[PDB]
Structure formats: structure tokens, C-alpha cells
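S.K.: Output the structure for:
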Amino acid sequence: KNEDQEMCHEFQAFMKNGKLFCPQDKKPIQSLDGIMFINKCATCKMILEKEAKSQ
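M.R.: Numbering: from 1, shown residues only. You can find the structure just below:
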């Protein structure tokens with residue numbers, strides 16, 4: 001949902017060269033994609049690429 005994009009926000013700044021450098025967050029989050037926190041990297045990555053389509 002739109003809320004899932006918020007998790008990509010913090011992972012968006014860690015994104016570089018079109019890559020998601022998702023760091024280890026001391027506070028674990030529960031993803032809805034079926035992953036634990038790690039989803040931010042698997043979700044934000046696909047969410048950070050969508051912005052590249054605007055190019």
C-alpha cells in the first residue's frame with residue numbers, strides 16, 4: 001500500500017548508483033511482503049526503480 005512506500009523513504013536515501021544500500025537498522029520492522037525488515041531492501045529497491053521510469 002502507499003504506507004509501504006514510506007519504508008522505502010529511509011531506504012531511498014541509502015540508495016546509490018541505482019542500488020539500495022539497506023543498512024542494518026537496530027529496530028526491526030515487520031514487512032508485509034512476507035519478509036522481516038529485509039523487505040525494505042526488496043520493496044524499496046523496486047520502489048526506488050519506479051522513480052527512474054520518470055527519467
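
S.K.: for the chain, what spans make up the strands?
M.R.: 15-16, 19-20 (DSSP state E).

S.K.: check contacts around the residue nearest the centre of the chain.
M.R.: The residue lying closest to the centre of the chain (Cα atoms, centre = their mean) is residue 44, at 2.1 Å. The contact partners of residue 44, taken as Cβ atoms under 8 Å, 6 or more residues apart in numbering, are 7-8, 11-12, 15, 20, 22. Any C-beta I mention is one placed from the backbone N, CA and C, and that applies to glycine too.

S.K.: repeat that with 10 Å
M.R.: For residue 44, the contact set (Cβ atoms under 10 Å, 6 or more residues apart in numbering) comprises 4-12, 14-15, 20, 22.

S.K.: Is it correct that residue 48 is in contact with residue 7?
M.R.: No - using Cβ atoms under 10 Å, residue 48 is not in contact with residue 7, being 11.3 Å away.
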